[PDB]
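As a starting point, one isolated chain is supplied in structure tokens, in the form solved without the ligand.
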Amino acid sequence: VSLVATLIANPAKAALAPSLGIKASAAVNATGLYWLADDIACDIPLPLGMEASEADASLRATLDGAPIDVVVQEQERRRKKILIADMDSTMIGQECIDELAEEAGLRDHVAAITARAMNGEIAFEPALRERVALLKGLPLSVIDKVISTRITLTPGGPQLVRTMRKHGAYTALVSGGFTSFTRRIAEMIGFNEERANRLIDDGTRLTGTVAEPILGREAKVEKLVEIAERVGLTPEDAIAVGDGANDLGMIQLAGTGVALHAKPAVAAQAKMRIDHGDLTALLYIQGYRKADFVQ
């Protein structure tokens, strides 16, 4: 069946000039060239018989230097009806556990552990236990404080979720982070549901522990399986996106799995990577034109 390449820039650095899209399509002897968003994203249907690996290296070579992402996939099933998206450093700019640690005066110490867990150098569950234990005693008021003053939504996120919902997709926010954050963040962005770990408290302060059992890599896989079964679909009907090692299970199971702004060891394990685009990249991956977007 037929393949399509999609080139995607960040809308804040929209370097996919018309001449550049034409040069790319000539580089793969393309049948055509379809603009999804001017200066931002185009579709390049590949001639029948080209290996997807060929187009990728060919397009990346032509684009070498420019901050433009490349994805290649079969055209037929590219628009998905499930979104499962990671929260920390994916749909928000921050790591909620690092921002909590700042309130304990321990941001750098905790952030260094978080970085190793993100990269896969330590298992997620013991890293979460270690970091949360350092939050013991923090007043519950800290949560609202952090959300209101230091959490920011990743560009494109609301448009991604809302455009997908407009076209009937079911959308879920998953996280090894905490429900105190995912509940508010899911509501701000517009997700159908969220699932995360739970911080334990004595009613006034954090205990420094997480509700058992701890949700990590396999929990994100299991949630994708649960959603797909519940909506009468399969994981192949889902697009999954995350940034960290603990997202690779759902990224690999989903029909379309995207490593977003991930560091090399993680992006190396995903079939699609978006290093330059924002979350609108996931709409272009699915073939949406900007005219389709919820504005």
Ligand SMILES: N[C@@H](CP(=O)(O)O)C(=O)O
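Counting begins at 1, following the sequence as shown. For the two forms, the rigid core is made up of the largest set of C-alpha atoms that agree within 1.5 Å on superposition.
With 65 to 73 and 258 to 266 as candidates, the stretch whose CA atoms show the greater average offset from this form in 5 other deposited structures of this protein after a core fit is 258 to 266. In this entry, the higher average B-factor at the C-alpha atoms falls on 55 to 63, of the pair 229 to 237 and 55 to 63. Taking the PDB entry as given, 131 to 139 carries the higher mean Cα B factor of the two stretches 170 to 178 and 131 to 139. You'll see in the entry that, of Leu33, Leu253, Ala245, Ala37, the Cα B factor peaks at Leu33. By the numbers in the PDB entry, the CA B factor is greatest at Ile22 among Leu279, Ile285, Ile22, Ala9. Sort the chain's modelled residues by C-alpha temperature factor and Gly157 lands in the lowest third, per the entry. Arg184 sits in the highest third of its chain by CA B factor, as recorded in the PDB entry. Ranked by Cα temperature factor within the chain, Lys81 sits in the lowest third according to the deposited record. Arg198: CA B factor lies in the middle third for its chain, per the PDB record. Among all modelled residues in this chain, the alpha-carbon of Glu212 has a temperature factor (C-alpha) in the middle third.
Absent from the display: the form solved in complex with the ligand. The rest refers to it.
No member of the trio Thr6, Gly21 and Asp69 reaches the ligand in the bound PDB entry with any non-hydrogen atom inside 4.5 Å. Interface residue remark: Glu95 is counted as part of the site for the ligand in the bound PDB entry, having a heavy atom within 4.5 Å.
The ligand in the bound PDB entry comes within 4.5 Å of no heavy atom belonging to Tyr170. Looking at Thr114, you'd find a heavy atom of it within 4.5 angstroms of the ligand in the bound PDB entry. In the bound PDB entry, the ligand stays beyond 4.5 Å of every heavy atom belonging to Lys80. With the partner omitted here, the stretch from 100 to 108, 205 to 213, 80 to 88, 155 to 163 that lies within 4.5 Å of the ligand by heavy atoms in the bound PDB entry is 80 to 88. Using a 4.5 Å cut-off on any heavy atom, the residues of 126 to 142 that reach the ligand in the bound PDB entry are, in sequence order, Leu128, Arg131.
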